[PDB]
Amino acid sequence: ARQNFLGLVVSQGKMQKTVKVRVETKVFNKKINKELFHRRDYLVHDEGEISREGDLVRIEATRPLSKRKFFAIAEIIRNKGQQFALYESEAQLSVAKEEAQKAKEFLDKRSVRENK
Amino acid sequence: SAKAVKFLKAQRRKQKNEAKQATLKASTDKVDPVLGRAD
Amino acid sequence: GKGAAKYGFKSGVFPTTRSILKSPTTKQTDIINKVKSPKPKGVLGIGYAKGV
RNA sequence: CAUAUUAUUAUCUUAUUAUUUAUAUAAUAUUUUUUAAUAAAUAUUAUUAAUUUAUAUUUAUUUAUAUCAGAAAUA
RNA sequence: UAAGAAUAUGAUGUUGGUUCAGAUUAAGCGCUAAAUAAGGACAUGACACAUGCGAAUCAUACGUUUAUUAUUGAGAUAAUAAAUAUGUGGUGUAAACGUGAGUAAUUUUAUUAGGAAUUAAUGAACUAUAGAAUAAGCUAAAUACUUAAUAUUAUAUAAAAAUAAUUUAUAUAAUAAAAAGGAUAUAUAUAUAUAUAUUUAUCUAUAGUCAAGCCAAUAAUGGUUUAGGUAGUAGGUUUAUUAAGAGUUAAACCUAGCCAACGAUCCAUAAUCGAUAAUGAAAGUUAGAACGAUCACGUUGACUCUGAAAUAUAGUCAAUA
Ligand SMILES: [Mg+2]
Ligand SMILES: [Mg+2]
Ligand SMILES: [Mg+2]
Ligand SMILES: [Mg+2]
Ligand SMILES: [Mg+2]
Ligand SMILES: [Mg+2]
Ligand SMILES: [Mg+2]
Ligand SMILES: [Mg+2]
Ligand SMILES: [Mg+2]
Ligand SMILES: [Mg+2]
Ligand SMILES: [Mg+2]
Ligand SMILES: [Mg+2]
Ligand SMILES: [Mg+2]
Ligand SMILES: [Mg+2]
Ligand SMILES: [Mg+2]
Ligand SMILES: [Mg+2]
Ligand SMILES: [Mg+2]
Ligand SMILES: [Mg+2]
Ligand SMILES: [Mg+2]
Ligand SMILES: [Mg+2]
Ligand SMILES: [Mg+2]
Ligand SMILES: [Mg+2]
Ligand SMILES: [Mg+2]
Ligand SMILES: [Mg+2]
């Protein structure tokens, strides 16, 4: 079957339809007699542009798509990148609401002291 | 002539990309890591 | 020639044996069922997910 | 300070080749309109061969791009 | 299946280098050398080369040329013998052989029980079956060359599922693309044709063999006193070209990326590897001469034709001699 890898999206949104996926594999270093992780960064095709930095995704081998792109996102295993963007957007309004509320409370308390 | 035209097209393109790299570096939020936003 | 120890201490090589039948045949139900089985997904997934 | 080789070019020159515009009373075949020497039967009618004509395939001519390699400069 | 030794020091213990004992060679040199069997032999100038050889073969492709017999009257045609490849043709030289210049990965090597673009109406040259082998023109003639005749993919309908596509079947569309005859026998008829055959050839189709093209993953020397590099550069979208993906090459438009202190880019150096050789207790290290595998090149560079496949030891142009 096609070559499949599991990796973390480490760079998205800087290239059109392309992300960077960091994958790790188990290798044996005989010089130090140790099982190590060998790391690599892949340029990966993303049709739909659904992935975000920090997602755990499975990439699959494809035909050559550019000079350096040979893999495509096949599945979003874990989607922490999308959740981060959601919370980023939500906190903007969430904070500002109570920020205005408590400023109102501060001004009302100031006025209460004023008219004593 | 044609080489000069192509060279200048490439030079303009490269300079545009470098200037846009600088502008993108300038178009960032730049919050103070210590004191946060001003107010 | 200590590499020969990995191959029964036989020095030199033979050409690899060609397969008379170069694809699995129809009278082999195990491979047919294996290929025609559902394909896994997740960490050991093989193919594109539903929405991708 | 002197000699040598390698690479690069908003430079110059450039065999060859490939593309690329445009031009041929330019050719060889098919299409016409006509002019020539033969044929046969009884004014010809047909054949072979030149003129003009319009489609292909080539050559000559150039336009433009790239190009072995040199030259100049730089490393 | 892992052994140490000499040399510090006034002496001691320790650190520490140097050297030695062992094996070996693609070896050279000095001295010496009997026979036989086997394995090898320009590592350096990919420096220059005298001379001779290493790729020819087919006469049953077509043409020539003689001699005898026969008929016909200088010749003509048959039959039988021969000679001819300084004429036209076919097949054969992409292999093998040699070499290691270049090449540190832009196409190189090694590995994988890896892939797709789902590699073409491609067979190169043998099997197994089938079907064909038709006309002119041109050369002196032809199995030489021309022209002409005849012989999977895209649509649409459904089916399913190894499914968000592929596969299957059908119907169309075009596929729509060839060829070749020689040697012997006879059998007819009127030397002429013809009809059969036995031979060896030609073409087409299907499958099988043998084979080709492309991509991924991992690994592959030293120097950062080479630290920033890169503008087709990194990616997207189309068109062209290709059997076929891809900034591979050409054109256009975009986005601003890509690589790099786990070492980029640059520079230098080097053909690479093994169930091959050396060595060691082993991990490893060394070699890459021999045996084998792969690559690259055939004085140097680029391009082109043919071809399934060539920047071919071919051809064109240039350089060197
Ligand atoms: Mg692309
Ligand atoms: Mg001493
Ligand atoms: Mg010793
Ligand atoms: Mg001998
Ligand atoms: Mg040599
Ligand atoms: Mg050598
Ligand atoms: Mg003959
Ligand atoms: Mg001849
Ligand atoms: Mg060869
Ligand atoms: Mg060889
Ligand atoms: Mg070499
Ligand atoms: Mg003929
Ligand atoms: Mg022929
Ligand atoms: Mg490039
Ligand atoms: Mg493209
Ligand atoms: Mg372009
Ligand atoms: Mg470096
Ligand atoms: Mg070398
Ligand atoms: Mg080495
Ligand atoms: Mg060798
Ligand atoms: Mg040798
Ligand atoms: Mg060559
Ligand atoms: Mg030579
Ligand atoms: Mg050469």
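Chain naming here is simple, since letters A, B, ... match the order of the sequence lines and numbering starts at 1 in each.
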Asks: Rounded to the Å, how far apart are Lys36(C) NZ and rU166(E) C1'?
Replies: 15 Å
Asks: Please check the phosphate of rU209(E) (OP1 and OP2 only) for any side-chain N or O of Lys22(C) closer than 4.0 Å.
Replies: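 For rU209(E), OP1/OP2 do have a side-chain N/O of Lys22(C) under 4.0 Å.
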Asks: Can you see if the side chain of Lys69(A) gets near the phosphate of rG247(E) - specifically, an N or O under 4.0 Å from OP1 or OP2?
Replies: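 For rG247(E), neither OP1 nor OP2 has a side-chain N or O of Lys69(A) closer than 4.0 Å.
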Asks: Base, sugar-phosphate, or nothing for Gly3(C), non-hydrogen atoms under 4.0 angstrom?
Replies: sugar-phosphate
Asks: Pick north or south for the sugar of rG100(E); the rule is positive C1'-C2'-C3'-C4' for north, negative for south.
Replies: south
Asks: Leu65(A) CG to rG236(E) P: how many Å, rounded?
Replies: 7 Å
Asks: For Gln3(A) and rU111(E), give me the distance from atom CD to atom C1', rounded to whole Å.
Replies: 12 Å
Asks: If pairing requires Watson-Crick or G-U wobble contacts with both distances under 3.5 Å, which nucleotide is the partner of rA132(E)?
Replies: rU202(E)
Asks: Taking any heavy-atom pair under 4.0 Å as a contact, classify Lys2(C): base, sugar-phosphate, or nothing.
Replies: base
Asks: Looking at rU32(E) opposite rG16(E), are both of their pairing distances below 3.5 Å, so that they form a Watson-Crick or G-U wobble pair?
Replies: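 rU32(E) and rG16(E) do not meet the Watson-Crick or G-U wobble geometry.
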Asks: How would you label the contact of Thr25(A) with the nucleic acid (heavy atoms, under 4.0 Å): base, sugar-phosphate, or nothing?
Replies: nothing
Asks: Between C1' on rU255(E) and NZ on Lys17(A), what's the gap in Å once rounded to a whole number?
Replies: 10 Å
Asks: Just the rounded figure in Å: distance from P of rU13(D) to NZ of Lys3(B).
Replies: 12 Å
Asks: Does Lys10(C) have a side-chain nitrogen or oxygen under 4.0 Å from the phosphate oxygens OP1 or OP2 of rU276(E)?
Replies: no
Asks: Please determine whether a side-chain nitrogen or oxygen atom of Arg68(A) lies at a distance below 4.0 Å from atom OP1 or OP2 of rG232(E).
Replies: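 No, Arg68(A) has no side-chain N/O under 4.0 Å of OP1/OP2 on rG232(E).
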Asks: Indicate yes if the six-membered rings of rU103(E) and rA104(E) are centred less than 5.5 Å apart and inclined by less than 30°, otherwise no.
Replies: no
Asks: Is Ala1(A) touching bases, backbone alone, or none of the nucleic acid, heavy atoms closer than 4.0 Å?
Replies: sugar-phosphate
Asks: Which nucleotide, in any strand shown, forms a Watson-Crick or G-U wobble pair with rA189(E), with both distances under 3.5 Å?
Replies: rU192(E)
Asks: In whole angstrom, what separates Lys67(A)'s NZ from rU237(E)'s P?
Replies: 18 Å
Asks: Quantified in whole Å, what is the P atom distance between nucleotide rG213(E) and nucleotide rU294(E)?
Replies: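 About 13 Å, rounded to a whole number of Å.
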Asks: Answer syn or anti for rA79(E), where the cut-off is 90° from 0 on the glycosidic torsion.
Replies: anti
Asks: Mind checking if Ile59(A) touches a base, just sugar-phosphate, or nothing, with heavy atoms under 4.0 Å?
Replies: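 No contact.
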Asks: Does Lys39(C) have a side-chain nitrogen or oxygen under 4.0 Å from the phosphate oxygens OP1 or OP2 of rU163(E)?
Replies: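 Checking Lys39(C) against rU163(E): at least one side-chain N or O falls below 4.0 Å of OP1 or OP2.
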Asks: Positive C1'-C2'-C3'-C4' counts as north, negative as south. Which one applies to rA142(E)?
Replies: north
Asks: So, are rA268(E) and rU221(E) sitting in a Watson-Crick or G-U wobble pair, both contacts under 3.5 Å?
Replies: yes
Asks: For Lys14(A), answer base if it contacts any base atom (sugar-phosphate contacts may also be present), sugar-phosphate if it contacts only those atoms, and nothing otherwise; contact means non-hydrogen atoms under 4.0 Å.
Replies: sugar-phosphate
Asks: What nucleic acid atoms does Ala61(A) come within less than 4.0 Å of, heavy atoms only: base, sugar-phosphate, or nothing?
Replies: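 Result for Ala61(A) = nothing.
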Asks: Using a heavy-atom cut-off of under 4.0 Å over every strand shown, decide if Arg40(A) touches base, sugar-phosphate, or nothing.
Replies: sugar-phosphate
Asks: Side-chain N or O of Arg63(A) versus OP1/OP2 of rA246(E): is the shortest distance under 4.0 Å?
Replies: yes
Asks: What pucker, north or south, follows for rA217(E) from the sign of the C1'-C2'-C3'-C4' torsion?
Replies: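 Positive torsion, so north.
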Asks: Considering only atom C1', compute the distance from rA271(E) to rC145(E) and round it to an integer number of Å.
Replies: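 Pairwise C1' distance, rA271(E) against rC145(E), rounds to 47 Å.
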Asks: Nearest-Å distance, CG (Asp46(A)) to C1' (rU255(E))?
Replies: 16 Å
Asks: In what stems does RNA chain D take part, counting only runs of at least 3 consecutive Watson-Crick or G-U pairs whose two distances fall under 3.5 Å?
Replies: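 In RNA chain D, stems of three or more pairs: D:6-9 with D:72-75, D:11-13 with D:69-71, D:17-19 with D:64-66, D:26-30 with D:54-58, D:34-40 with D:44-50.
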Asks: Tell me if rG17(E) and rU7(E) are paired here, counting Watson-Crick or G-U wobble when both donor-acceptor distances sit under 3.5 Å.
Replies: yes
Asks: Say we look at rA289(E) and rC259(E): how far apart would their P atoms be, to the nearest angstrom?
Replies: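 It works out to 39 Å between them.
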Asks: Using a 4.0 Å heavy-atom cut-off across all strands, classify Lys25(B) as base, sugar-phosphate, or nothing.
Replies: nothing
Asks: Please classify the nucleic acid contact of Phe7(B) as base, sugar-phosphate, or nothing, using heavy-atom distances under 4.0 Å.
Replies: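 It contacts base atoms.
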Asks: Under the 5.5 Å and 30° test, is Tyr7(C) stacked on the base of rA275(E)?
Replies: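 So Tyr7(C) counts as stacking on the base.
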Asks: Between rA101(E) and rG298(E), how far is it from one P atom to the other, in whole Å?
Replies: 14 Å
Asks: Does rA116(E) have its OP1 or OP2 closer than 4.0 Å to a side-chain nitrogen or oxygen of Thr62(A)?
Replies: no
Asks: For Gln21(B) and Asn17(B), test the side chains for any donor-to-acceptor distance below 3.5 angstrom and give the result as yes or no.
Replies: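 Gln21(B) vs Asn17(B): no donor-acceptor pair found between side chains.
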Asks: Assess whether atom NZ of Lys97(A) is packed by more than 12 heavy atoms of other residues, nucleotides or ligands within 6.0 Å.
Replies: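 For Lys97(A), atom NZ is not crowded (no more than 12 foreign heavy atoms under 6.0 Å).
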Asks: Please state whether the phosphate of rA246(E), meaning OP1 or OP2, lies under 4.0 angstrom from any side-chain nitrogen or oxygen of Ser66(A).
Replies: no
Asks: At less than 4.0 Å, is any side-chain N or O atom of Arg2(A) found next to OP1 or OP2 of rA116(E)? Yes or no.
Replies: yes
Asks: Please report, rounded to the nearest Å, how far the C1' atom of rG235(E) is from the NE2 atom of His45(A).
Replies: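 So the two atoms are 10 Å apart, to the nearest Å.
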Asks: Work out how far the P atom of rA4(D) is from that of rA260(E), and round it to whole angstrom.
Replies: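 Rounded to whole Å, the distance is 43 Å.
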Asks: For nucleotides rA2(E) and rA283(E), find the distance between their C1' atoms and express it as a whole number of Å.
Replies: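 Straight-line distance between the two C1' atoms is 12 Å.
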Asks: Which whole number of Å gives the distance between the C1' atom of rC297(E) and that of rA312(E)?
Replies: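 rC297(E) and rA312(E) have their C1' atoms separated by 12 Å.
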Asks: So, is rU107(E) syn or anti if syn means the angle is within 90° of 0?
Replies: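 What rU107(E) shows is a syn base, its glycosidic angle lying within 90° of 0.
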Asks: Need one value for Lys34(C): base, sugar-phosphate or nothing, where a base atom within 4.0 Å counts as base even if backbone is also close, heavy atoms only.
Replies: nothing
Asks: May I ask you to say what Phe71(A) touches in the nucleic acid, namely base, sugar-phosphate or nothing, with a heavy-atom cut-off under 4.0 Å?
Replies: sugar-phosphate
Asks: Look at the side-chain N and O atoms of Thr18(A) and state whether any lies under 4.0 Å from the OP1 or OP2 oxygen of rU255(E).
Replies: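 It does not, given that no N or O in the side chain of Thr18(A) lies less than 4.0 Å from OP1 or OP2 of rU255(E).
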Asks: Taking the P atom of each, how far is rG17(E) from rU272(E), in whole Å?
Replies: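 Roughly 33 Å separates the two P atoms.
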Asks: Is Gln16(A) near enough to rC254(E) that one of its side-chain N or O atoms lies under 4.0 angstrom from OP1 or OP2?
Replies: no
Asks: Is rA26(E) on the north side or the south side, where north means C1'-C2'-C3'-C4' is positive?
Replies: south
Asks: For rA116(E), does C1'-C2'-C3'-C4' say north (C3'-endo side) or south (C2'-endo side)?
Replies: south
Asks: Which part of the nucleic acid, if any, lies within contact of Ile32(C), taking any heavy atom under 4.0 Å across all strands shown: a base, the sugar-phosphate backbone alone, or nothing?
Replies: nothing
Asks: Tell me what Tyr42(A) touches on the nucleic acid: a base, only sugar-phosphate, or nothing, going by heavy atoms under 4.0 Å.
Replies: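 Contact class for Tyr42(A): sugar-phosphate only.
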